[PDB]
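Read on for two forms of one protein chain; each stands alone as structure tokens, with the labels structure 1 and structure 2.
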Structure 1
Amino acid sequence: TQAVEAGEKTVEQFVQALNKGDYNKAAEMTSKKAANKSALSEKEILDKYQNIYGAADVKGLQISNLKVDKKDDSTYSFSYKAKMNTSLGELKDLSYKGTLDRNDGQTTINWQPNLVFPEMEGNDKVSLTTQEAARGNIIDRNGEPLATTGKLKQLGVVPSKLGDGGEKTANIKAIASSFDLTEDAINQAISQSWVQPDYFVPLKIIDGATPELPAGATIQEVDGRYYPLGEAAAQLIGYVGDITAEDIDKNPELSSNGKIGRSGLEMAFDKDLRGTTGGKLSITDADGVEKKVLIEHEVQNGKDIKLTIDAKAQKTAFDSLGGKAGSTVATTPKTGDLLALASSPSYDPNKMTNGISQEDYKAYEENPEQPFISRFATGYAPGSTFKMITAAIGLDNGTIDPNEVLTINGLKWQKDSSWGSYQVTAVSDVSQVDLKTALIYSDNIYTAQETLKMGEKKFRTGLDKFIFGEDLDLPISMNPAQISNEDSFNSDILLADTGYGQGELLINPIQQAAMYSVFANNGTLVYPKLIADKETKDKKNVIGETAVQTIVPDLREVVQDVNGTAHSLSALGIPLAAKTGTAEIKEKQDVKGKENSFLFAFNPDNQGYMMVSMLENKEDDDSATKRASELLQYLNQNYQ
């Protein structure tokens, strides 16, 4: 019995050393190379475990149902079920047999070929044939392609088959003249540090007919991932990259020759898009004739992914940002379909996945405007657009009378002398300010006074009915919106700032589109949705229908009133309700404060579309409002 317990520890450590990928430590727990003992030496056990388990990408060996007893004076038998992960799938239900040995005080494993796979005998080999799975496509709500896979002919020259003296110069000139490439660039590539005589130095990417090939040039067809919208959806869609040996160690079910999603939806839906590797893992005899099969799946290509995105709206939303720092979110607010998720500046995903120079990659990473950031998922202070939420809360809890006219003297205001030098500031000197006026001119003082009058308790009570702190059900990495840093403002100043969208508020554009959706659904919050087939989910009674019917007519006046901050959008001649905002930020360099321009706009007649556009670190006279004319026209015509 005391010996049977030591054997269950030996089988445990032997399996553990195999599981931990240390095939040498497991080899030293075996007996000597002899009959009725170990079949091979230790160096041959290492090389057999390394060759076979390495070829099958064997990872995560775990056993169960261990049964160890006694067979003779020095012989102990052991059995167990086992399972392991391979590049083909899960290899479960493995009945392992063996015998232990107690020669001195230690117990060793009489190693046999049946301890690599159950039915191996003598000089049996292992064979693995695999078929790569085609990565699925990504498409928009109307079927247009967003990310597809295909073949790409790649021109390239062989330095050895190019020439010696003069003939190499002649072949370079013929390759240059027959492929439209400068002669100074062909020599710059074939002379790089990595190049060797008999290598394949790629040049151009043939996108049409293959022309006449001079001496030295040769086309090598390769697989590529194409992105039709390109940079206009690079943050959302992401890009794929060549699978590395580290990736295979983490998930053996990958193809060491395929691509893996690195960011965005390409990485988010990597499992669904990449498919499953097909093939067969068999045990052959000593000559290569197949005996027993261990795994066999057929190649199953990846699934396609259909998004709520509109390819036209996505490209228009991105183009309207003119390459400046910003982002635009367009939805159908009654269902939550995300029509566009643009971020700017961006990077070339085609260039990123189909070969990018190391200089260009550093440009993308050293760019201060940071093109790799998904700005529709970055938290910001919403600014003056947030007054709609504060107003709706003040109307619901009976704090704001729409017709009551506050008197506001001057452009500065503070509650009392305890505020020191801090004062809420108004841009327009309007003395008689009611709710409709405060939304048209965007008056901070009215909002600050009504927030302080409301109280912190009643303010948060209305705020907590929204999606602050919630994690949206979206395949986009994202932080939840927050009201402040802590559960209490503990400051009348901070309570006031939060009233008109400043303070410690952090709400990303997508979360803003979800929160502002209440004004298109009579106070019901409709959650955003990116997968076209998902079910619409909502959250009712977030604000009162009374507040919606009061505020939306005022938001029409933000566009229609001649002093409205969005009056430039009345040139469209379409039903629009809007609210602009400009948030000031002092979290970069103290040399100068930076401003973020915002625009919220939806159709108040049919509620077909909703838009939340942003400009980060805006230039002067530049706003989100002056750029939104084109996207609004498209959404108004195509989403009624």
Structure 2
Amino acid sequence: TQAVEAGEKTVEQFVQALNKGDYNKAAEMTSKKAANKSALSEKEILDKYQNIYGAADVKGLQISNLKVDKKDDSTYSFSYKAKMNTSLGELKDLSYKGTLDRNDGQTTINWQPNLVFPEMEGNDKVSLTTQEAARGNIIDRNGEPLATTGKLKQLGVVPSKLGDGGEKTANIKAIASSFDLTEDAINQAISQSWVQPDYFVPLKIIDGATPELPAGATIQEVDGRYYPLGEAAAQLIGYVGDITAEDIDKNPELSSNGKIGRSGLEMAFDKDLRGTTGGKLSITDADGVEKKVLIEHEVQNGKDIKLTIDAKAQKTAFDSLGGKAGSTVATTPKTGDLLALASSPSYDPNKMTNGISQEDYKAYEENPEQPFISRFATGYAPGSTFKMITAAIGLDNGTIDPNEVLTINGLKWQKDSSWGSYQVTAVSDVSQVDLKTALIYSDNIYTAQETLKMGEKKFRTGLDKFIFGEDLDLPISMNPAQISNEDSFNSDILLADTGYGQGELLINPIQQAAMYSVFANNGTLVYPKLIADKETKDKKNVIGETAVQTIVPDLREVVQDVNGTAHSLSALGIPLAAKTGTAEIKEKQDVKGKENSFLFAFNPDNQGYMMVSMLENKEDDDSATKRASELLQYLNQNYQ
């Protein structure tokens, strides 16, 4: 019994060293190379485990049902069921047998080939055949391609087959004139630090007919990942990159010869898109004759992913941002279908996946506007657009009378002198301000006063009925919205600042369209939806239906009134209920504060579409309302 317990320890330490990949440490736990003991030496056990387990990408060896007894005066037998992960999946229910040796003061494993795999004998080899699985596509709500796979021709000269003296300068002038390339551009690439005489320098990506090949040039077909919308959906869709040895060590079921999603939906849906690798892991004879198969699957290509995105709306929403920093979200507010998730500025996802230069990559990363950011999933303060929510909350708890007229003298206001150098600012100078006037002229002083009059307790009670703190069921990396940093404002300034969408509010554009959907569903919040086949989920009785029928007519006047902040949208001649907004931002790298311009708009007649757009750090004379005319035309004509 005293030695039977030590035998179970050496078996588990042997399994652990194999599981941890340290085959040398496991090999040093075996007995001497002899008959009825260890078949191979230590270094030969190391090389056999490193070759066989390395060929199959064996990882995560776990054993169970360990039983160790006694057979002779010094021979102990062990047995256990085992499972492991390979590049062909999980290899479960393995019956491993073996014997031990207790010669001196230690216990060693009488190593045999049957410990690499259950039924191995002597010079038994291990063969592994694999077939790559084609990556699935990503399509919009109408089947248009957003991320597809295709073959591309890779033109490239060979330095050794190009020439010697004079014949090199002639064959370079022909490999450049026949493919429409500047002649001075071939020498700068076939002379880089990585170039070798017998290598292949990839020149141009042919996208049509392959012309006559001069002396030195040769085509190379490569499977590529294409993005039709390009940068217009780069943040949402993401990109794929070459799979590295580190990726295979974390997940052996990947194809070391394929691609892996690095960001966006390509990474979120990497498993569904990449499929499963087909092939066969077998044991052969000493010559190569197949004995027993261990694993065998057929190749299963990845499943396509259909989104709620509109490919034409995604491109229009992105192009309307004109490369400036900002984001735009379009939904069908009654269902939650995310029609467009645009973020600007952006990066080239095709250039990102088909070989990106370190110069261009550093430009993307050092760009102060940060094109890599998915701005539709980044927490922002909603700005004075949030006056709708505060007003709706005020109408519900009986604080705000739509016909009561507050008197506001001047453009700056504060509760008293304790506020110091903080003052709520009104854009327009309007003395008599009611609820309809505050929404038309975008008056923050009215909202700040009504927020303080409402009180923090009533204000949070109405705010808590929304989606603050909730995790949206979306395949987009995202943090939940927050009202403030803590559960209590502990500040009348922060309370008033939060009233008109400033303060410590953090709500990303997707969460904004979710909260704002209550005005298109009679007070019911409809959760956003990115996957087309998913079921519509909602949250009823968020705000009172009376508040919706009181505010939406005012939001019509934000467009129709001659002094409405979105009056330029009446040029469209379409039914619009809108609400502009600005968020005052103060960052450290600048002395004067910045400003974020917002526009919320939806069709108040049919509730077919809803838009939430933002310009981050707006330039002068620029706004989100000025850039939304094109998208509103498309959404109104195609989503009724």
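Throughout, rigid core stands for the largest set of C-alpha atoms superposing within 1.5 Å between the two forms. Residue numbering: structure 1 sequence, from 1.
**Asked** After superposing on the rigid core, which residue among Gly208, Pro368, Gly420, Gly166 shows a C-alpha displacement of 2 Å or more between structure 1 and structure 2?
**Response** The listed residue whose C-alpha shifts by at least 2 Å is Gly420.
**Request:** Having superposed the rigid core, state how many Å the Cα of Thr385 shifts between structure 1 and structure 2.
**Result:** On core superposition, this C-alpha lies 0.7 Å from its counterpart.
**Request:** Report, in Å with one decimal, the C-alpha displacement of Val591 between structure 1 and structure 2 after core superposition.
**Result:** Between its two positions, the C-alpha of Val591 lies 2.1 Å apart after core fitting.
**Item:** between structure 1 and structure 2, C-alpha offset at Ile408 (rigid core aligned, Å)
**Value:** Looking at the C-alpha of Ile408 between structure 1 and structure 2, the offset is 1.0 Å.
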